[PDB]
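J.: CSV, C-alpha atoms and all ligand atoms, saved as run_14.csv, coming up:
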chain,number,residue,atom,x,y,z
A,952,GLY,CA,-26.0,24.2,11.6
A,953,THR,CA,-24.3,25.6,8.5
A,954,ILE,CA,-22.8,29.0,8.4
A,955,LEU,CA,-21.1,30.7,5.4
A,956,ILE,CA,-18.0,32.9,6.1
A,957,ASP,CA,-17.0,35.4,3.3
A,958,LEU,CA,-13.4,35.3,2.3
A,959,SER,CA,-11.7,38.6,1.6
A,960,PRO,CA,-10.2,38.9,-2.0
A,961,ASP,CA,-7.0,39.9,-0.2
A,962,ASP,CA,-6.9,36.6,1.7
A,963,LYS,CA,-4.4,34.0,0.4
A,964,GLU,CA,-7.2,31.3,0.6
A,965,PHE,CA,-9.5,33.3,-1.6
A,966,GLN,CA,-6.6,33.7,-4.1
A,967,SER,CA,-5.6,30.0,-4.2
A,968,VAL,CA,-9.2,28.9,-4.7
A,969,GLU,CA,-9.8,31.5,-7.4
A,970,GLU,CA,-6.7,30.3,-9.2
A,971,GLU,CA,-7.8,26.6,-9.2
A,972,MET,CA,-11.2,27.8,-10.6
A,973,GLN,CA,-9.7,30.0,-13.4
A,974,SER,CA,-6.8,27.7,-14.4
A,975,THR,CA,-9.0,24.6,-14.8
A,976,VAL,CA,-11.3,26.1,-17.6
A,977,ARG,CA,-11.1,24.1,-20.8
A,978,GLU,CA,-13.0,23.8,-24.1
A,979,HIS,CA,-15.8,21.3,-24.1
A,980,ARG,CA,-16.8,19.0,-27.0
A,981,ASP,CA,-20.3,20.5,-27.0
A,982,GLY,CA,-18.8,23.9,-28.0
A,983,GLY,CA,-20.5,25.5,-25.0
A,984,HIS,CA,-24.0,24.1,-25.4
A,985,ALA,CA,-24.3,22.9,-21.8
A,986,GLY,CA,-22.3,25.4,-19.8
A,987,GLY,CA,-21.9,28.4,-22.1
A,988,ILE,CA,-19.1,30.0,-24.1
A,989,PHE,CA,-16.3,31.5,-22.0
A,990,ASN,CA,-12.5,31.3,-21.2
A,991,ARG,CA,-12.7,32.7,-17.7
A,992,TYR,CA,-14.9,33.7,-14.8
A,993,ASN,CA,-15.8,36.8,-12.9
A,994,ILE,CA,-15.6,35.6,-9.3
A,995,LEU,CA,-18.1,37.5,-7.1
A,996,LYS,CA,-17.7,35.7,-3.8
A,997,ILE,CA,-16.0,32.8,-2.1
A,998,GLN,CA,-17.4,31.5,1.2
A,999,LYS,CA,-16.1,28.9,3.6
A,1000,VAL,CA,-18.8,26.4,4.5
A,1001,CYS,CA,-18.7,25.6,8.2
A,1002,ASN,CA,-20.8,22.8,9.7
A,1003,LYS,CA,-19.3,20.9,12.6
A,1004,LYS,CA,-21.6,17.9,12.2
A,1005,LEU,CA,-20.9,17.4,8.5
A,1006,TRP,CA,-17.2,17.8,9.1
A,1007,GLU,CA,-17.2,15.1,11.7
A,1008,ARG,CA,-19.2,12.9,9.4
A,1009,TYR,CA,-16.5,13.4,6.7
A,1010,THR,CA,-13.5,12.8,9.0
A,1011,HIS,CA,-15.0,9.7,10.5
A,1012,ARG,CA,-15.5,8.2,7.0
A,1013,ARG,CA,-12.0,9.5,5.9
A,1014,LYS,CA,-10.5,7.5,8.8
A,1015,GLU,CA,-12.3,4.3,7.9
A,1016,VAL,CA,-11.1,4.6,4.3
A,1017,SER,CA,-7.6,5.4,5.3
A,1018,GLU,CA,-7.3,2.4,7.6
A,1019,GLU,CA,-8.5,0.2,4.7
A,1020,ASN,CA,-5.8,1.8,2.4
A,1021,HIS,CA,-2.5,1.7,4.2
A,1022,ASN,CA,-3.2,5.0,6.1
A,1023,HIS,CA,-3.9,6.9,2.8
A,1024,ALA,CA,-7.2,8.6,2.3
A,1025,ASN,CA,-6.2,9.9,-1.1
A,1026,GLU,CA,-7.9,13.2,-0.5
A,1027,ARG,CA,-8.4,15.7,-3.3
A,1028,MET,CA,-10.0,19.1,-3.8
A,1029,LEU,CA,-12.5,18.9,-6.6
A,1030,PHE,CA,-15.3,20.9,-8.2
A,1031,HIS,CA,-19.0,20.0,-8.0
A,1032,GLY,CA,-21.8,21.7,-9.9
A,1033,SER,CA,-25.5,20.9,-9.0
A,1034,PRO,CA,-29.0,22.4,-9.0
A,1035,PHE,CA,-29.0,21.2,-5.3
A,1036,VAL,CA,-26.1,23.2,-4.1
A,1037,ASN,CA,-28.3,24.9,-1.4
A,1038,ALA,CA,-29.4,21.5,0.0
A,1039,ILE,CA,-25.8,20.2,-0.1
A,1040,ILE,CA,-24.3,22.9,2.0
A,1041,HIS,CA,-27.1,22.6,4.6
A,1042,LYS,CA,-27.6,18.8,4.8
A,1043,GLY,CA,-24.4,17.4,3.2
A,1044,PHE,CA,-24.1,15.0,0.2
A,1045,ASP,CA,-26.4,12.0,0.0
A,1046,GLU,CA,-28.2,9.7,-2.5
A,1047,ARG,CA,-30.5,12.5,-3.6
A,1048,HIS,CA,-27.5,14.3,-5.1
A,1049,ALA,CA,-26.3,11.4,-7.3
A,1050,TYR,CA,-26.1,11.6,-11.1
A,1051,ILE,CA,-28.3,8.5,-11.9
A,1052,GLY,CA,-27.4,8.4,-15.6
A,1053,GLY,CA,-23.6,9.1,-15.2
A,1054,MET,CA,-21.3,6.9,-17.3
A,1055,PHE,CA,-19.8,5.3,-14.1
A,1056,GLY,CA,-23.2,4.5,-12.6
A,1057,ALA,CA,-25.4,6.2,-10.0
A,1058,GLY,CA,-23.0,8.1,-7.7
A,1059,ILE,CA,-21.8,11.6,-6.8
A,1060,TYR,CA,-19.6,13.1,-9.5
A,1061,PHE,CA,-16.7,15.6,-9.2
A,1062,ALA,CA,-14.4,17.3,-11.6
A,1063,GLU,CA,-10.9,18.6,-11.8
A,1064,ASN,CA,-12.0,20.9,-14.5
A,1065,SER,CA,-14.1,23.7,-13.0
A,1066,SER,CA,-15.7,24.2,-16.5
A,1067,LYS,CA,-16.9,20.5,-16.4
A,1068,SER,CA,-18.8,21.1,-13.2
A,1069,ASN,CA,-20.1,24.4,-14.6
A,1070,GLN,CA,-22.1,22.3,-17.1
A,1071,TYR,CA,-24.3,21.0,-14.3
A,1072,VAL,CA,-25.1,24.2,-12.4
A,1073,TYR,CA,-28.5,24.4,-14.1
A,1074,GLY,CA,-29.1,20.7,-14.3
A,1075,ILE,CA,-28.0,17.7,-16.5
A,1076,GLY,CA,-26.9,19.1,-19.9
A,1077,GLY,CA,-27.3,22.6,-18.5
A,1078,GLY,CA,-31.1,21.9,-18.3
A,1079,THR,CA,-32.9,25.0,-19.7
A,1080,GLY,CA,-30.3,27.5,-18.6
A,1081,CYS,CA,-30.7,30.2,-16.0
A,1082,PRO,CA,-34.2,30.4,-14.4
A,1083,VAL,CA,-34.5,34.1,-15.3
A,1084,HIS,CA,-33.5,34.1,-18.9
A,1085,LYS,CA,-33.6,30.4,-19.9
A,1086,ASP,CA,-30.1,30.8,-21.3
A,1087,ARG,CA,-27.4,28.2,-20.7
A,1088,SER,CA,-24.7,30.7,-21.7
A,1089,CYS,CA,-26.2,33.5,-19.6
A,1090,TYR,CA,-23.5,36.1,-18.8
A,1091,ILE,CA,-25.6,38.1,-16.3
A,1092,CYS,CA,-27.1,35.6,-13.8
A,1093,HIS,CA,-25.0,34.4,-10.8
A,1094,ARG,CA,-23.9,30.8,-10.7
A,1095,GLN,CA,-22.6,28.8,-7.8
A,1096,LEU,CA,-20.1,25.9,-7.7
A,1097,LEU,CA,-18.7,23.9,-4.8
A,1098,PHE,CA,-15.0,23.3,-4.3
A,1099,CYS,CA,-15.0,20.1,-2.2
A,1100,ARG,CA,-12.7,17.9,-0.1
A,1101,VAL,CA,-13.1,14.4,-1.5
A,1102,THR,CA,-11.8,11.1,-0.1
A,1103,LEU,CA,-11.1,8.7,-3.0
A,1104,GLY,CA,-9.3,5.9,-1.1
A,1105,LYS,CA,-8.4,3.1,-3.5
A,1106,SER,CA,-9.9,4.3,-6.8
A,1107,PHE,CA,-11.0,2.1,-9.7
A,1108,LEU,CA,-9.4,3.4,-12.9
A,1109,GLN,CA,-11.8,3.6,-15.8
A,1110,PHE,CA,-10.2,4.6,-19.2
A,1111,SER,CA,-12.9,6.4,-21.1
A,1112,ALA,CA,-13.9,8.6,-24.0
A,1115,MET,CA,-27.1,5.1,-5.4
A,1116,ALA,CA,-24.9,2.2,-6.8
A,1117,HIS,CA,-22.0,0.6,-5.2
A,1118,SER,CA,-18.3,1.2,-5.5
A,1119,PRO,CA,-16.6,-1.6,-7.5
A,1120,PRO,CA,-15.7,-4.3,-4.9
A,1121,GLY,CA,-12.4,-3.6,-3.2
A,1122,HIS,CA,-12.5,0.2,-4.1
A,1123,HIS,CA,-13.8,3.4,-2.5
A,1124,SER,CA,-14.3,5.5,-5.7
A,1125,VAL,CA,-14.0,5.4,-9.5
A,1126,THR,CA,-11.7,7.6,-11.5
A,1127,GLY,CA,-12.8,8.5,-15.1
A,1128,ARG,CA,-9.5,9.0,-17.0
A,1129,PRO,CA,-9.8,11.0,-20.2
A,1130,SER,CA,-8.7,8.8,-23.2
A,1131,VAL,CA,-9.8,10.7,-26.3
A,1132,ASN,CA,-9.8,14.5,-25.4
A,1133,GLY,CA,-6.1,15.1,-24.8
A,1134,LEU,CA,-6.8,18.2,-22.8
A,1135,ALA,CA,-9.5,17.0,-20.4
A,1136,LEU,CA,-8.7,16.4,-16.7
A,1137,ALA,CA,-10.1,13.6,-14.7
A,1138,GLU,CA,-13.6,13.1,-13.2
A,1139,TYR,CA,-14.3,11.1,-10.1
A,1140,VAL,CA,-17.3,9.3,-8.6
A,1141,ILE,CA,-18.0,8.4,-5.0
A,1142,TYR,CA,-20.9,6.2,-3.8
A,1143,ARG,CA,-21.2,7.4,-0.2
A,1144,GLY,CA,-22.0,11.1,0.6
A,1145,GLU,CA,-19.9,11.0,3.7
A,1146,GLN,CA,-16.8,10.9,1.4
A,1147,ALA,CA,-17.1,14.5,0.5
A,1148,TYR,CA,-17.3,17.8,2.4
A,1149,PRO,CA,-18.5,21.0,0.6
A,1150,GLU,CA,-15.7,23.3,1.8
A,1151,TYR,CA,-16.0,26.4,-0.5
A,1152,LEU,CA,-19.0,28.0,-2.1
A,1153,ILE,CA,-18.0,30.0,-5.1
A,1154,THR,CA,-20.4,32.6,-6.6
A,1155,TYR,CA,-19.5,33.7,-10.2
A,1156,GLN,CA,-20.5,34.7,-13.7
A,1157,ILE,CA,-19.0,33.2,-16.8
A,1158,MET,CA,-17.4,36.0,-18.9
A,1159,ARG,CA,-18.2,36.7,-22.6
A,1160,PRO,CA,-14.9,36.4,-24.6
A,1161,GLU,CA,-13.8,39.8,-26.0
B,1,LIG,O1,-20.1,18.5,-11.0
B,1,LIG,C1,-20.6,17.6,-11.5
B,1,LIG,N1,-22.0,17.5,-11.3
B,1,LIG,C2,-22.8,16.5,-11.9
B,1,LIG,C3,-24.2,16.4,-11.6
B,1,LIG,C4,-24.6,17.0,-10.4
B,1,LIG,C5,-26.0,17.0,-10.1
B,1,LIG,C6,-26.9,16.3,-10.9
B,1,LIG,CL1,-28.6,16.3,-10.5
B,1,LIG,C7,-26.4,15.8,-12.1
B,1,LIG,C8,-25.1,15.8,-12.5
B,1,LIG,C9,-22.1,15.6,-12.8
B,1,LIG,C10,-20.8,15.7,-13.1
B,1,LIG,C11,-20.2,14.8,-14.0
B,1,LIG,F1,-20.9,13.9,-14.6
B,1,LIG,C12,-18.8,14.9,-14.2
B,1,LIG,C13,-18.0,15.9,-13.6
B,1,LIG,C14,-18.6,16.8,-12.7
B,1,LIG,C15,-20.0,16.7,-12.4
B,2,ZN,ZN,-29.8,34.7,-16.9
Starting from the coordinates I provided, produce the structure as structure tokens.
T.:
Amino acid sequence: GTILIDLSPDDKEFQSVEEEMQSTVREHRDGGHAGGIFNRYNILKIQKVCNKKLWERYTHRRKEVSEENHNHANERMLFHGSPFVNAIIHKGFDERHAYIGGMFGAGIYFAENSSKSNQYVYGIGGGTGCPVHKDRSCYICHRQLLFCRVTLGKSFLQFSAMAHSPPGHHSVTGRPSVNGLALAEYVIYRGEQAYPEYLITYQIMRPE
């Protein structure tokens, strides 16, 4: 049921998505080991992901959460990087897309920093890099990230350097508490709480 609709680079939607992608790159504590060395991306394509069934599944759950949280879904737009991006856009999020060894337990992880999600495009820790060159800092191969609509509801705040949500909460927020520049990360425990709205195709760019 999924179709992908290409956005024109002249479209304001393309432009606002590209800006969120570019402006949320930061330095990482691994010095680029997992995701590569770059300060910016070359955006090749942005597509809108359209699937009526998956959208209805998302809004149904969003309404349940909202009604449990004084009519506030606490919806964010967040990045997700995964080797399973092709399954996600066709079948939605589910337990198979969880990060089992994540620091907030087995759930589905999202980032405010696009460069954090970039670390997972080729697997946990960048795996072995691109399939063609075996290079985690490959500047040639095309990568994909999802920019997703995520319902957090009442989020459990974890201050910090598929399982269940902590009782009485709909998500967990990983607040950065050592790296002063890092943005937050978030975890949901039900795949119906995210919709994969934009597929972004890009390369990381070698600093000049
Ligand atoms: O985008 C993310 N993806 C993942 C991740 C996705 C799939 C697998 Cl198989 C493992 C980790 C993990 C992750 C994280 F731990 C923090 C912030 C963002 C992300
Ligand atoms: Zn490559």
J.: Here is a test: counting all atoms listed in the file, which residue of A:1149, A:1133, A:1120, A:982 is nearest to ligand LIG 1 (chain B)?
T.: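 For ligand LIG 1 (chain B), the nearest of the candidates is A:1149.
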J.: Residues within 10 Å of residue 1049 (chain A), please, as a ChimeraX atom specification. Count all atoms listed in the file; anything in the same chain fewer than 2 positions from it doesn't count.
T.: /A:1033,1044-1047,1051-1053,1056-1060,1115-1116,1140-1144
J.: I'd like the interatomic distance between CA of residue 1076 (chain A) and CA of residue 978 (chain A), to a tenth of an Å.
T.: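 These two atoms are separated by 15.3 Å.
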J.: Please provide the set of residues having any atom within 10 Å of residue 1126 (chain A), restricted to all atoms listed in the file, with same-chain residues fewer than 4 positions apart removed, written as an NGL selection string.
T.: :A and (1055 or 1060-1061 or 1103 or 1105-1111 or 1137-1141)
J.: Hey, can you spit out that residue selection with C-alpha atoms as a PDB file, keeping the file's coordinate frame?
T.:
ATOM      1  CA  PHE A1055     -19.800   5.300 -14.100  1.00  0.00           C
ATOM      2  CA  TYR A1060     -19.600  13.100  -9.500  1.00  0.00           C
ATOM      3  CA  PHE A1061     -16.700  15.600  -9.200  1.00  0.00           C
ATOM      4  CA  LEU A1103     -11.100   8.700  -3.000  1.00  0.00           C
ATOM      5  CA  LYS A1105      -8.400   3.100  -3.500  1.00  0.00           C
ATOM      6  CA  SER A1106      -9.900   4.300  -6.800  1.00  0.00           C
ATOM      7  CA  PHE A1107     -11.000   2.100  -9.700  1.00  0.00           C
ATOM      8  CA  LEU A1108      -9.400   3.400 -12.900  1.00  0.00           C
ATOM      9  CA  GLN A1109     -11.800   3.600 -15.800  1.00  0.00           C
ATOM     10  CA  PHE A1110     -10.200   4.600 -19.200  1.00  0.00           C
ATOM     11  CA  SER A1111     -12.900   6.400 -21.100  1.00  0.00           C
ATOM     12  CA  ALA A1137     -10.100  13.600 -14.700  1.00  0.00           C
ATOM     13  CA  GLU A1138     -13.600  13.100 -13.200  1.00  0.00           C
ATOM     14  CA  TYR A1139     -14.300  11.100 -10.100  1.00  0.00           C
ATOM     15  CA  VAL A1140     -17.300   9.300  -8.600  1.00  0.00           C
ATOM     16  CA  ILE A1141     -18.000   8.400  -5.000  1.00  0.00           C
TER      17      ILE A1141
END
J.: How far is it from CA of residue 1092 (chain A) to CA of residue 964 (chain A), in Å with one decimal?
T.: 24.9 Å
J.: Could you check which of A:1029, A:1081, A:1016, A:956 is closest to ligand ZN 2 (chain B), using only C-alpha atoms and all ligand atoms?
T.: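 Under the stated criterion, the closest residue is A:1081.
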